[PDB]
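Provided below as structure tokens are two forms of one protein chain, presented individually as structure 1 and structure 2.
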Structure 1
């Protein structure tokens, strides 16, 4: 089958690239993942869709953005935001985010138009990750470390 030429994911807290569909994954495909809030009573979540292999979204390519508001106040980590990345056989990417507390959903359709990447630009972004692989490895391992509470 065809494949995703670049990894696709979302920005998670701290400017982290969190991939839902990995580079060279077979397409069509869909991946569904549950996300939650960063702070108590957080009223909305920022959904920014990125493509690329680097560990931090500042270094990847923004494909689309939307906000989901109206989240009921709750302790951090309790709201459940269901995100689905859905790629068709032509590579067209639909992203849906749904607040399971109320059922309010938001969605974007990301097409394959003129501002998108060519084979050579795709190839260059692959090179970029390899050059920064060791540094990006440390960023990802940092994201994965458990956090300890403060003293006093």
Structure 2
């Protein structure tokens, strides 16, 4: 019925950027436009995370993929459309497409975590809320490494 945890990707500096917020009613689909962190960046690394903490290392890793072929351009210029789609079949599709060329890549994640363990991740997130927000402020926008 609901996404029991926030679902997102890692932005510059190991920052958790949520696309599907905790308690979102399923089916659900969200999209954010992302960019490159450094000049002439040839591609982006999509790292799929679950959890509430501000830094991805403290959340759970679900999968990875790279979208390469990004032409040389300055930082913050390329447009990378990243969509998270949760279906009613227990299939999570994460797609990243380069808006300039149409070049894309994707990962499929299925549901095959305990209720208490889910309850702990949200407990831990509000306990570490301040420390997490400090690291976020210090290290962060919509930039992808």
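Residue numbers count along the first chain shown, from 1. Under this definition, the rigid core comprises the largest set of C-alpha atoms superposing within 1.5 Å between the forms.
Core aligned, which of 108, 92, 62, 105 has the Cα that shifts 2 angstroms or more between the two structures? The listed residue whose C-alpha shifts by at least 2 Å is 92.
Did residue 139 shift 2 Å or more between the two structures, C-alpha, core superposed: Yes.
Per-residue Cα shift, residue 130, between the two structures [Å; core superposed]: Comparing the two forms, residue 130 shifts 1.8 Å at C-alpha.
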